[PDB]
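The data below hold one chain only, encoded as structure tokens and taken in the form deposited in one PDB entry.
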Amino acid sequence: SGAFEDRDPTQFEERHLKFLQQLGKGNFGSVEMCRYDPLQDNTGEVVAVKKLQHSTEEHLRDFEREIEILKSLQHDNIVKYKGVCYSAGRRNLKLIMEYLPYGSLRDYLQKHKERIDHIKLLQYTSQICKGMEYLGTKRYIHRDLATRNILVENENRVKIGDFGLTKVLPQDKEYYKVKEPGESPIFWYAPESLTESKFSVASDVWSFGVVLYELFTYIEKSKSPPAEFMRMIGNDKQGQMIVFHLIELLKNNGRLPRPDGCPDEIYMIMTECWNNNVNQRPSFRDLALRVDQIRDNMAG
């Protein structure tokens, strides 16, 4: 036996990370739930563990970029970084984060309407803006805002996750142009992201507007942004034809419809976010203030 000195809590011992459950398998990654049990006493902290399907030089570099980004964020409405695990004898790499019991907001809205009203939706809306205000201070562009990439800790708290697509803005530039292979979340995309692959805080604001739309549809069967845009576009269209028509439609003021039961003031917030003019979209700080004020202005 040997001596031991742990001056790095962000390094998790593969041997002590215990499988509990399989949570998700996306496009490049998958997530499990584990217990970290250094004391071998069958009790430890519960954590979410993300791993790569294929550690290509490119995939790995992205993953490491993603981990640095998460590690650099400390905020109540951003998923907590916990550390990493160099499993397979330190020849593989896994991300250790907080586990959020209720999973994505999208599922939560869907599976727990009994628990959700407009006061909740506003609380969640507010927290997302604040998490987003925080990314801004790091000059991070998330690029993938949607209720599926927001997670529910409990009834009273949601957190932004999914930082795999996040870009850093150089000091002297206000957009990031990213030329990327494969599929895009096109129905969440600002027009300039669609037409020019330009991403910015403003394009995040656009996407946020769509997030706001999703919340007030309560993720109802026919009302998702893809289902609604596809109705407007023609449900039979395929391939690029969908993109062509989406772009043309957005460019000429075609917009998601006000969800049933949704207050005009809230729909108006969506529409301001959905401004073709990039510089005329409100900021996240504008958004959080307006949303908290709407919340505060109620009798209760």
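Residues carry their position along the shown sequence, with the first being 1. Rigid core (definition): largest C-alpha set, two forms, superposition within 1.5 Å.
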| property | result |
| --- | --- |
| Cross-entry absence of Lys179, a third or more of other PDB entries | yes |
| At least a third of other PDB entries omit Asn27 | yes |
| 250-258 versus 48-56 - greater average Cα B-factor per the deposited record | 48-56 |
| Given 286-294 and 12-20, the range whose Cα B-factors average higher in the PDB entry | 12-20 |
| Out of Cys129, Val84, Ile116, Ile78, residue topping the C-alpha B-factor column of the entry | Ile116 |
| From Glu133, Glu220, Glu153, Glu228, residue of greatest CA B-factor | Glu220 |
| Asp172 CA temperature factor, ranked by third within the chain | highest |
| Third of the chain's Cα B-factor distribution that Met33 belongs to, per the entry | middle |
| CA B-factor placement of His112, once the chain's modelled residues are sorted into thirds | middle |
| Cα B factor band for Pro181 (lowest, middle or highest third within the chain) | highest |
| Entry-reported Cα temperature factor of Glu265, expressed as the chain third it lands in | middle |
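The next section is about a form of this same protein that is not shown, the form deposited in another entry.
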| query | finding |
| --- | --- |
| 2 Å-or-more CA mover between this form and the one not shown, where superposition uses the core and the choices are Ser87, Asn77, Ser104, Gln123 | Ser87 |
| Exceeds or equals 2 Å, Cα of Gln40 between this form and the one not shown, core fit | yes |
